[PDB]
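Colleague: My questions all concern the structure below.
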Amino acid sequence: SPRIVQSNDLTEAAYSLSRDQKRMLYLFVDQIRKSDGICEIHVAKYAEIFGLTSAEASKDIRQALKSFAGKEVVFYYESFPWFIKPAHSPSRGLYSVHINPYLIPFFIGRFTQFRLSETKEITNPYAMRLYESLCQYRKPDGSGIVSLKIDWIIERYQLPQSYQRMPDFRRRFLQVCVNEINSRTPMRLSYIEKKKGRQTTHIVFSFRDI
DNA sequence: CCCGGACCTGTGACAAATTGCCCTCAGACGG
DNA sequence: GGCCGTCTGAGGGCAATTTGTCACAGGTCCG
Ligand SMILES: [Mg+2]
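In UniProt numbering, the protein residues as written are 15 to 49, 57 to 97, 109 to 141, 145 to 245.
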C-alpha cells in the first residue's frame, strides 16, 4: 500500500483537521511528492481505498472540502492557509484543488514515514496525530520511546479547551487514543505519567511492532 | 487542633457532534 | 444514429455512539 512520507515540520505543526480532511491530506502529500500545487481527487478511487460506498465517499469529500475554508497551519512562528482558491468540480466524480504553493517545501525536506494501511482504520483524528508523532521516532525494527510535554501536546494537536482539566484529558483523549492504536494498528503501545509536585507535565510513550 | 481555601483526582449528566446506514433520482456511458 | 438499462454519485434524511462541558464528592497541605 502507499508509503506516506512527510517533513517532520508537518508532523509537529499546529492544526485542526478531521479524519476525512486528514485522509485527503495524505493523498495530496502522495500526489505532490510523486513529481504548482494543483491536485485532483476521484470519488470512485477514494471509495475503493477506504472501503466506503461512492455515495458516502462523495459526502465525505464534499463536506471536508468546504470545511477547509479559513483553516490555517502554524509552524514554530509563521501561519499559513491550506487553500488559496475554492475547490471546484470540472467533471462528475472529480474534484480539483489548489494547495498553497508555499506549503510544498514543508511537505518535502529529518523525515517521518508509515504505510497507509496502518492508519486507515483509525477514527479519532487526535489519535491519528499521535500515531504520526510516534512514527517520527520509530526504529527500523519497529520499536521506540519518547517523552512529549503536555502543554505542547495541547498546542500542537489543538485539543479543545476543556481537556486542560487533566481527568477529562485522561478520560476523553488519552485512554481512547491509546485504545484505538492497540486495536486498529499493528503497534503495541504503553505509557506512564511524569509528574512534578502535584502537576503531571509529560507523557512517556513506549512501543513495539507486532 | 481544626477551619476555608487553593490545589488535585474520578465520575455522573447533559449537549453538541460524528459515525456508518438508508432512500431518490438524474448524469455519463455503452450496448 | 439514438433510446434505454445500468453503474455512478449528488442530494436529502435517521438512530446509535463518540466527543466536549461542567456540577459535585472527596483526597492533600498551608498558614
Ligand atoms: Mg462518512
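Every residue, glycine too, gets a C-beta built ideally from N, C-alpha and C.
1) For residue 54, count neighbouring C-beta atoms within 10 Å of its own C-beta (all shown protein chains included) and say buried if the count is 16 or more, exposed if not.
2) Residue 186: buried (16+ other C-beta within 10 angstroms of its C-beta) or exposed?
3) Measure the alpha-carbon distance for residue 58 versus residue 170 and round it to whole angstroms.
4) Buried or exposed for residue 164, going by 16 or more other Cβ atoms inside 10 Å?
5) At a cut-off of 7 Å, is residue 77 close to ligand 1 when judged by its beta-carbon and the heavy atoms of the ligand?
6) Would residue 194 and residue 238 qualify as a contact pair, given that the criterion is a beta-carbon distance under 8 Å?
7) Please determine if the stretch 145 to 165 and the stretch 74 to 88 are in contact, where contact requires at least 3 C-beta pairs separated by less than 8 Å.
8) Run through DSSP, which three-state label would residue 41 get?
9) What are the start and end residues of each continuous alpha helix (DSSP H) run of 4 or more residues lying completely inside the stretch 169 to 244, in chain order?
10) Taking the straight line between their C-alpha atoms, what separation do you get for residue 94 and residue 45?
11) On the criterion of 16 or more Cβ atoms from any shown chain inside 10 Å, does residue 168 qualify as buried, or is it exposed?
12) For residue 212, which residues in the same chain have their Cβ closer than 7 Å to its Cβ, ignoring the five residues on either side in sequence?
13) Residues in its own chain within less than 8 Å of residue 17 by CB, not counting five upstream and five downstream?
14) Check each candidate in 136, 123, 219 and name the one with the smallest Cα separation from residue 114.
15) Say yes only if the C-beta of residue 81 is nearer than 7 Å to one or more non-hydrogen atoms of ligand 1, and no if none qualify.
16) Using only the alpha-carbon positions, how far apart do residue 174 and residue 61 sit?
17) What is the DSSP secondary structure of residue 142, reduced to helix, strand or coil?
18) My understanding is that residue 43 touches residue 20, with C-beta atoms under 8 Å, so please give their C-beta distance in whole angstroms.
Modeller: Inspection of the coordinates gives the following:
1) Examination of the chain shows a numbering gap from 49 to 57; residue 54 is inside it and therefore has no coordinates.
2) When all chains shown are included, residue 186 counts as exposed.
3) Taken atom to atom, the span from the alpha-carbon of residue 58 to that of residue 170 is near 26 Å.
4) Buried: at least 16 other Cβ atoms inside 10 Å.
5) Indeed, a heavy atom of ligand 1 lies less than 7 Å from the Cβ.
6) Not in contact: residue 194 and residue 238 (Cβ atoms no closer than 8 Å).
7) With the cut-off at 8 Å, the stretch 145 to 165 and the stretch 74 to 88 do not touch.
8) For residue 41, the secondary structure class from DSSP, reduced to helix, strand or coil, is helix.
9) Correct list: 185 to 192, 210 to 219.
10) Just so you know, the alpha carbons of residue 94 and residue 45 end up roughly 20 Å apart.
11) So residue 168 ends up on the buried side.
12) Closer than 7 Å at Cβ, skipping near neighbours: 159, 161, 162, 165.
13) The residues are 148, 149, 150, 151.
14) Considering only alpha carbons, the answer is 136.
15) It does: the Cβ of residue 81 is within 7 Å (strictly closer) of some heavy atom of ligand 1.
16) Distance between the alpha carbons of residue 174 and residue 61: 34 Å.
17) In the model as presented, the chain runs from 141 straight to 145, which leaves residue 142 without coordinates.
18) With a Cβ gap of about 6 Å, residue 43 and residue 20 count as contacting.
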